[PDB]
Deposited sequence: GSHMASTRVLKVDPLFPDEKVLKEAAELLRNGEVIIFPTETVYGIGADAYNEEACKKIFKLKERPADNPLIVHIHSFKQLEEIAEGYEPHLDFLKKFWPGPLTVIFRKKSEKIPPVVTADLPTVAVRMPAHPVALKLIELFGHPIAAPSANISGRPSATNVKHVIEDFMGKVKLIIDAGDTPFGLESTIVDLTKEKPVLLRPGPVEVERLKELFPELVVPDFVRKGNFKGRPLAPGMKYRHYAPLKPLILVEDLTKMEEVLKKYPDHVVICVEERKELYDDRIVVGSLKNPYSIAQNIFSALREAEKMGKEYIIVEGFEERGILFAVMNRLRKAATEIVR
């Protein structure tokens, strides 16, 4: 019997958080907001509880979980070799950044890290997440709140779609600020490696780390709707595509809304953060509009839209370059 408890994002009712903390202590899984996407979390030191996350998501065991912390002191408990990067961390944490370090803790079971000698760590800039972790007293292991393969939940409506009846508690703090998962940066190798683009933008990381490596899998290509998805990087072929795929809905920017008939406006190029904020909602709307094909306009591989494109490329059933 899933309880959905609404809380203020800045000053959440600590009584709701306590209820959540209790469930975590009982080895239950709960869903909570962050500034990026909703997470589905368990006690990070509880092997059995973390196993439930995999079951509930229908997730491969080889796909490791991000461990969420509230203090730099917790970092010492779980990781080693981070001391040269403390200046960096203190500049972006709390915030939408996940970093890979060598695993110290034997407190974090292998299921969490998929037997890897590394651990992904994030200190989320969302008062609800921070206050929950602190009150609970252990780190929380949490992937995104969605059935594996599907778009990451950015609001409680999407969470309910995927998890009503399957978890005891969803904390609702409204639509997540960014709409997109944290930037993941691997700091275990000699040169830092970008594993996932996010709200900490590539251009910013390149300023800080001139030798940042951006693997091919980041630039090429999860987050997938139920209907086939057609991504159109070259918008001159838009007309060809529309006519090739007749029974369709289009996801488009505002400045090209008038150029279609059946269209979801995801946001404006004027304010690209609007596009990031709404893109996953758009895919969930689209898949329900009773059309055979979802057709999405492409975006610049720059700033936050880089992250958007990363997500769409990984979701698309066909790309049109």
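Stretches of the deposited sequence absent from the structure, as judged by C-alpha coordinates, are 1 to 5, 227 to 240.
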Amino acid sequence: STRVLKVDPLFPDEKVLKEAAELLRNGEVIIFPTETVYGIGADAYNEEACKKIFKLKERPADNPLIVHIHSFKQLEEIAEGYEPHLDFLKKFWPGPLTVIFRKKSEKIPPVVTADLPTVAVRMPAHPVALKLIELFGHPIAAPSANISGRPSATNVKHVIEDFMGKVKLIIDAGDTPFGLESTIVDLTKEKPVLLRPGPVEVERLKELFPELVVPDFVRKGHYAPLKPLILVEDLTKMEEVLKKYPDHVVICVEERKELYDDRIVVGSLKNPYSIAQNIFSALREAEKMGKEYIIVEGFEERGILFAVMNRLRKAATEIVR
From here on, numbers count along this sequence of modelled residues.
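Take the two forms, superpose them, and find the largest set of C-alpha atoms that agree within 1.5 Å; that set is the rigid core.
After superposing on the rigid core, the larger RMS C-alpha deviation in 4 other deposited structures of this protein belongs to 101 to 109, the other candidate being whichever of 101 to 109 and 134 to 142 remains. Taking the mean C-alpha B-factor of each stretch as recorded, 229 to 237 and 190 to 198 are not equal, and the higher mean is that of 229 to 237.
For the pair 282 to 290 and 39 to 47, the mean Cα B-factor is higher in 282 to 290. For the set 259, 66, 53, 31, the PDB entry assigns the largest Cα B-factor to 259. Each of 138, 126, 204, 85 has a CA temperature factor in the record; the biggest one is found at 85. For residue 99, the recorded CA B-factor ranks within the lowest third of the chain. Only modelled residues enter the ranking.
In the deposited entry, the Cα temperature factor of residue 222 sits in the top third of values across the chain's modelled residues. In the PDB entry, residue 89 places in the middle third of its chain by CA B-factor. Placement of the Cα temperature factor of residue 181 within the chain: lowest third of the modelled residues, per the deposited record. When the modelled residues of the chain are ordered by their C-alpha B factor, residue 131 lands in the lowest third.
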